[PDB]
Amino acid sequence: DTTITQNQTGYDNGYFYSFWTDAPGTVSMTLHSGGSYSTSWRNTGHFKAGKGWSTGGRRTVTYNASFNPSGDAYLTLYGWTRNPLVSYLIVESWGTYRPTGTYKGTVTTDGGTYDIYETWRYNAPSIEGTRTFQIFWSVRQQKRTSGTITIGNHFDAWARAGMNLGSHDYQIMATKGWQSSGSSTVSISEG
């Protein structure tokens, strides 16, 4: 198993992966068989790590995870588009804080109900560099750490609320963290 500690993307065991942190050395990602990876972090800054696909789309994905944050972290299907430049999160679980934004509606899919939010980030890292851009969110009303995400149901609900996506870049089932410590193991596949 390859352990990753420096910012990079690539492919492992048939799947795209991405690892990023602004606090190198405080977080690692371990790449396991197929669509599986783990993370470990201690007194970190920001990080995001996951496996998935280099080009996102309306795929139906199934995941199983162990998610053990001590502080602020998300377990989330995470991706980006350009033209328009948008980052999006379907948040399945979280640590001390449940993420919110400007309320835009709800979507009921895959046995749960999600609040839909939009936020703006100003002068922040993006796939295109330091930019200002929208974030689209679906945040589950109750935490869960395994199941199926019918991504197209989220994209369509966002579109009904005027939240429009562009051409897809990557799409990963991610562990994201801000400060504190923790660990995760996440196993992702399409279908």
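Heads up: residue numbers just count along the shown sequence, starting at 1. Heads up, when I say rigid core I mean the largest set of C-alphas that superpose within 1.5 Å between the two forms.
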In 4 other deposited structures of this protein, superposed by the rigid core, which stretch departs further from the shown form in CA positions, 154-162 or 128-136?
128-136
Between 85-93 and 117-125, greater root mean square CA displacement in 4 other deposited structures of this protein relative to the shown form, after rigid core superposition, belongs to 117-125
Selected stretch [higher average CA B-factor]: 125-133 or 151-159
125-133
Out of 135-143 and 24-32, which one has CA B-factors that are higher on average in the deposited record?
24-32
Sorting by Cα B-factor within the chain, modelled residues only, which third would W178 end up in: lowest, middle or highest?
highest
In terms of its chain's C-alpha B-factors, the third that includes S66 is the middle
Grab the CA temperature factor for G50 from the record and place it in the lowest, middle or highest third of its chain.
lowest
Within this chain, which third does the Cα B-factor at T100 fall in: lowest, middle or highest?
middle
Check where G79 lands among this chain's C-alpha B-factors and tell me if it's the lowest, middle or highest third.
lowest
